[PDB]
Amino acid sequence: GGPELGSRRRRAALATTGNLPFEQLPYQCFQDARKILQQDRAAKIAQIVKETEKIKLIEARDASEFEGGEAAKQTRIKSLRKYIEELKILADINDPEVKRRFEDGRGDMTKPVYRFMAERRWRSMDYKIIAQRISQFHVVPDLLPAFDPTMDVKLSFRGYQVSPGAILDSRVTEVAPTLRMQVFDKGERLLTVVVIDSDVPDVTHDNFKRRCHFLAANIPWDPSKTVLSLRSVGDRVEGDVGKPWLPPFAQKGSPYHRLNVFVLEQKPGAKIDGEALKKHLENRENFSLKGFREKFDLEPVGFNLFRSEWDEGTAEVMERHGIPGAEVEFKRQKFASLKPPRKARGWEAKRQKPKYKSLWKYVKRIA
Amino acid sequence: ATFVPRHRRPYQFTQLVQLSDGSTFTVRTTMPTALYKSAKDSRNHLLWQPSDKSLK
Amino acid sequence: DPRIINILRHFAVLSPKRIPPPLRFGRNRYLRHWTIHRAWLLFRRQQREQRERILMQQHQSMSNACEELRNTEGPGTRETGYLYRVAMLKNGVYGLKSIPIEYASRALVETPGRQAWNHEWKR
Amino acid sequence: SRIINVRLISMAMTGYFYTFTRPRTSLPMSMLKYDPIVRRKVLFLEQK
RNA sequence: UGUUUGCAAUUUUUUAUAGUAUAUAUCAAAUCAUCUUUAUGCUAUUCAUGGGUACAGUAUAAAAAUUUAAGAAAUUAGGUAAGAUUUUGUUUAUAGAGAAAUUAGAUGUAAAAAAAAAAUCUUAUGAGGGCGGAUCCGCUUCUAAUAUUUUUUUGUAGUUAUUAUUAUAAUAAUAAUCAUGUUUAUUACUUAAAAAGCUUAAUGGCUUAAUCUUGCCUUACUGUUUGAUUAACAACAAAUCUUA
Ligand SMILES: [K+]
Ligand SMILES: [K+]
Ligand SMILES: [Mg+2]
Ligand SMILES: [Mg+2]
Ligand SMILES: [Mg+2]
């Protein structure tokens, strides 16, 4: 009856009740509803064998036979392959234990079923807020022309999970964040993580420039991995660090800085050279995600946001890492009226010089 | 903040309705009666049984 | 007045504060209800797909016969498709006496009556 | 005559007040306003 | 012992442990007033006010309750958040019901899925492009994206059933097909103008909210201050909008 068995209710209910599987509980309706789904899963598995053997026949068939050639043969197998995937999900979407295993976090993410429910959970709320953060914070069209996130990305600083688009302190955001990424797609792909600060103020040209605060690539990720620590990118996990984590900072006077954490997927069998990635940032002071993505043929999949402004701990954080620019404050540009000065008008305004000293009782000290 | 109204339904029973022909079916109603014996109905009305001569 | 109070007492019970509260199920009960819910919806699908399959088959049979009937000729010196054009007429279909009241009024019943069928009916 | 101008006196006893109008055939006014003397939101009540 | 009595199911936080940042448990708060006597009484039976007896999944005697409709009324008008989006009139039908009373109606479409070739601009804080004078400016090629072409096409399945041939299967055609979802479905687009509504006449505007409904509120705040109304009213002043 230890903590390794669950909660107090389970540990308590597991000693006063009988040992019997949940599926074997002798309840009329529950056992009568499990018998309907029982023969259904047998009918779905019986359909996966009829559609599986139907692909072999179409696979071992000369393209000349098909009136449409090889093009009409790949569109018929495409609809069949997709029709099998839906049958594999419909064979366990009604299982009562599969729902229990996924809710308890003990579900295997290497199976289509668990990835289907895991994706239906992310879209319910988490996708909605991040889709809103992309639009409201003007990530699009600023960084990307259009972006529809496809994977979940939650970043936490020193254990504490930070919500999307939250102004964090310069001391909290001093160490590499941990990414809690969940991928809902099959296979293992290389993921590229790029943290770009899009609000660096350039006073010389009166505009903002983009500065990359972190860059990594060649990070193998499967749908079974959850946590990724940006500290050990080249020590524990495989990866190439183009630029180590730079402590976010924001000079006094300038508005809050947006730090966009982007996760981009590399195409199959495309490993970025460890020396060509550290050369891209050389002599590049306006890191453009658009151009960078187009050169390595990457695709944005996940994204998260967190802002950072001037705080009490900003000055000290710059001292440790030698970040220059601490003794620089920004003041709002003031636009004075463009109307040329004009002589004052009125009876009182005319008679305000020493000439009309006898009429100064009507002109001076007016409320 | 749109309110979620809760349904206000009265108690309902399962009633057997025996028509004038002796046939019986089950229905869901609010009345407490158990069996409703119907002496007059469409099966004993000339308008619904114009060809019947017994009722004519 | 006393009879009216009896009426009010009925509404007072249906007040939002008096009616029962929303159900509160545990996990095991909730999961069991989920299976009962899941199966019932699937069971409707099977009844729906079955009911819709029969409706489709019947329509195909009508279309086959009608399409074939349109190509035939006769009887005798009658132009091709005369019978097809006559069958499509809807004279009285939407009238008052379209469908006999007796046939429609009779419905399915859980148990039969004293006389299930009347064979003594005379024209 | 139908509308009167009342004075909402601060309950911090700082002497600041707010003047709003209300009909005579109504209840006295009572609001949570900002007292600039203490620079905090306190309870303001009608004078009478 | 708040939270439904058969078992890690929402979010964040607290604490503890293992652990080297993660993992589980735990705690608090939010969301919600679900009603909680394990029997002490009742019931049947039996035996002398009473003493037993009952053996409980077809659950039970063993708790069916133990000490006067506001969601029927109020036309409440500002800040903020969310949800709803023709509400007017006309017309159709509808016991009492009539010229005149209430209610229900009153457009259509889509929801497996495309790939690919060039061309015409336009854009780009794309290639830090090239050439003149990384970012400014004038020239400019290339890629990318949007738009456009009636352009150049290719594919248009799968599933259920029908028919035809072929040896229950295969092939071809035809019809249907948003649907793993409490059919009252749902979601998106579309539905002339006028009208209704928005403190009050008229004009303009709003339907993607400025209308309506609901939750919490009282910024209908204090001081100073910016730029304007082609330098308010063809001066001044009292005014109107606006910024920090
Ligand atoms: K309001
Ligand atoms: K209209
Ligand atoms: Mg208003
Ligand atoms: Mg109307
Ligand atoms: Mg002037």
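For the reader, a short list of remarks on this structure follows.
- Selection status of residue D:13, more than 8 Å from RNA strand E (Cβ to nearest atom), in contact with a strand residue (DSSP E or B) (Cβ under 7 Å, 6 or more places away or on another chain) and away from chain A (no Cβ under 14 Å): no
- Exclusive hit being basic (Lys, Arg), part of a helix (DSSP H, G or I) and more than 7 Å from RNA strand E (Cβ to nearest atom), set A:100, A:61, A:11, A:76: A:11
- Selection count where residues are surrounded by 12 or more Cβ atoms within 10 Å (Cβ to Cβ) and within 7 Å of RNA strand E (Cβ to nearest atom), scope the range A:14-25: 3
- Selection of the range A:322-364 for residues being surrounded by fewer than 10 Cβ atoms within 10 Å (Cβ to Cβ) and hydrophobic (A, V, I, L, M, F, W, C) yields A:335, A:336, A:338, A:344, A:347.
- Pairs are defined by a Cβ separation below 8 Å, a sequence spacing of at least 6 or placement on different chains, a first member in the range C:4-20 that is in a loop (DSSP other than H, G, I, E, B), and a second member that is within 6 Å of RNA strand E (Cβ to nearest atom) and of a type in the set (A, V, I, L, M, F, W, C); the pairs so defined are C:18/C:12.
- When we screen A:147, A:137, A:116 for residues that are buried (at least 16 other Cβ atoms within 10 Å of the Cβ), among the aromatic types (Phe, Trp, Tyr) and within 30 Å of residue A:317 (Cβ to Cβ), the only hit is A:137.
- Inside the range A:8-42, residues that are within 40 Å of the chain's Cα centre (by Cα) and either over 23 Å from residue A:104 (Cβ atoms) or within 10 Å of chain C (Cβ to nearest Cβ) (or both) make up a count of 9.
- Inside the range A:172-215, residues that are among the charged types (D, E, K, R) and out of contact with any strand residue (DSSP E or B) (no Cβ under 7 Å at 6 or more places or on another chain) make up a count of 4.
- Single condition residue A:4 does not satisfy, out of (1) within 10 Å of RNA strand E (Cβ to nearest atom); (2) within 25 Å of residue A:91 (Cβ to Cβ); (3) of a type in the set (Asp, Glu): (2)
- Output for the range D:21-48, where each listed residue is surrounded by 13 or more Cβ atoms within 10 Å (Cβ to Cβ) and within 11 Å of RNA strand E (Cβ to nearest atom): D:22, D:29, D:33, D:34, D:35, D:42, D:43, D:44
- Qualifying residue in the range A:308-321 (condition: within 22 Å of residue A:258 (Cα to Cα), polar (S, T, N, Q) and loosely packed, with under 13 Cβ neighbours inside 10 Å): no
- The set of residues in the range A:43-63 that are of a type in the set (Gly, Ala, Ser) and more than 14 Å from every other protein chain (Cβ to nearest Cβ) comprises A:46, A:60, A:63.
- For the condition surrounded by 15 or more Cβ atoms within 10 Å (Cβ to Cβ), within 8 Å of RNA strand E (Cβ to nearest atom) and within 28 Å of residue C:43 (Cα to Cα), residue A:40 qualifies.
- Test for residue C:45: is it under 21 Å from the mean Cα position of the chain (by Cα) and not β-branched (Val, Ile, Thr): yes
- Condition check for residue B:34: under 23 Å from residue C:10 (Cα atoms), exposed (fewer than 11 other Cβ atoms within 10 Å of the Cβ) and not charged (D, E, K, R): yes
- With a requirement of 2 or more residues that are more than 30 Å from residue A:116 (Cβ to Cβ), the strands (runs of 3 or more DSSP E) lying completely within the range A:169-265 that satisfy it span A:189-202, A:207-221, A:240-243, A:257-265.
- Residues that are of a type in the set (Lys, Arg) and near RNA strand E (Cβ under 10 Å from one of its atoms) were ranked within the range A:212-236; the one that is surrounded by the most Cβ atoms within 10 Å (Cβ to Cβ) is A:231.
- Filtered residue count, the range B:2-42, keeping only those that are part of a loop (DSSP other than H, G, I, E, B) and on the phi < 0 side of the Ramachandran plot: 24
- Verdict on residue A:293 being charged (D, E, K, R), within 15 Å of RNA strand E (Cβ to nearest atom), more than 14 Å from chain D (Cβ to nearest Cβ) and loosely packed, with under 14 Cβ neighbours inside 10 Å: no
- Residues (assigned to a loop (DSSP other than H, G, I, E, B) and more than 9 Å from chain B (Cβ to nearest Cβ)) located in the range C:101-117: C:117
- Residue satisfying all of: in the range A:140-197; hydroxyl-bearing (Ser, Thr, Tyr) and more than 9 Å from RNA strand E (Cβ to nearest atom); farthest from the other protein chains (Cβ to nearest Cβ) among these: A:192
- Only one of B:32, B:50 that is away from chain C (no Cβ under 13 Å), over 12 Å from the mean Cα position of the chain (by Cα) and free of Cβ contacts under 8 Å to residues at least 40 places away in the same chain: B:32
- Test: residue in the range A:261-281 that is more than 21 Å from residue A:218 (Cβ to Cβ) and either within 15 Å of RNA strand E (Cβ to nearest atom) or within 14 Å of chain D (Cβ to nearest Cβ) (or both): no
- Here residue A:291 meets the list (1) in contact (Cβ under 8 Å) with a residue 60 or more places away in the chain; (2) of a type in the set (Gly, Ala, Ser); (3) within 21 Å of residue A:139 (Cβ to Cβ) almost entirely, failing just condition (1).
Positions of Cβ are backbone-derived with ideal geometry, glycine not excepted, and every protein chain shown enters the neighbour counts. The numbers here are math on the coordinates, done by the rules we state, and not lab data.
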